[PDB]
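Given as structure tokens, the chain that follows is alone and in the form deposited in one PDB entry.
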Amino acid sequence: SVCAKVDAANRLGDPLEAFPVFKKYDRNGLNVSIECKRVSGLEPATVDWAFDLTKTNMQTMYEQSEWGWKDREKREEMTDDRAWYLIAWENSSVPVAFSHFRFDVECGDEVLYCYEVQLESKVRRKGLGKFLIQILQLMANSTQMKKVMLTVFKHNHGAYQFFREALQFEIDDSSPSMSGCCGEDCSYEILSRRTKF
């Protein structure tokens, strides 16, 4: 059942274990190791770093959206027991990028939902962001999720092109239609990529 696959994925110790060669990224002057852990397996400073980076990167965009920036609410989302983190480490010490994701039931399907993918400014445009989303798609396959899903702000033109063009995400059926937010277009789109099987 749908329940069963989601529960099984959340019982994994290390979902990235099935793809050992993807635990390193050494391209374009980057040399990082990549780990996948429950939020419970991170040091508090790492969780704080991830939140701080998201706020630095996203606060202004949230403020111009229908949601606003909810400081406490974002911290609680990112520290939830069900959260998984993909973290890229430089020099065995310094976190420089992460994705926070969950295995969940979304519009009735077993899906890997990506809440955040965030990179430090200094490591952007070197393929690492694409690599992290690739890894999410690998994990979706090995756990037999039906899609990887996420939400993007349309005003975030870079991230929008990143997902729609570079990664060929499509607009999900759950994305609110035109005139869908209080009689007007929503500032965001829900995007997805189906797993192939």
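Position 1 is the first residue in the sequence shown; the rest follow in order. For the two forms, the rigid core is made up of the largest set of C-alpha atoms that agree within 1.5 Å on superposition. Residues that one form lacks are left out of the comparison.
Beyond the structure shown, there is the form deposited in another entry, which is absent from this document and is the topic of what follows.
Superposition of the core reveals a Cα shift of 2 Å or more for residue 179 between the shown form and the other one. In contrast to the form presented, in that other deposited form the C-alpha positions of residue 183 and residue 170 draw closer by 3 Å or more.
Note on residue 183 and residue 162: their C-alpha atoms are nearer in that other deposited form, a change of at least 3 Å from this conformation. Every Cα shifting by 2 Å or more, across three or more consecutive residues, marks a moved region; comparing between the shown form and the other one on the rigid core, the sole such region is 177 to 184.
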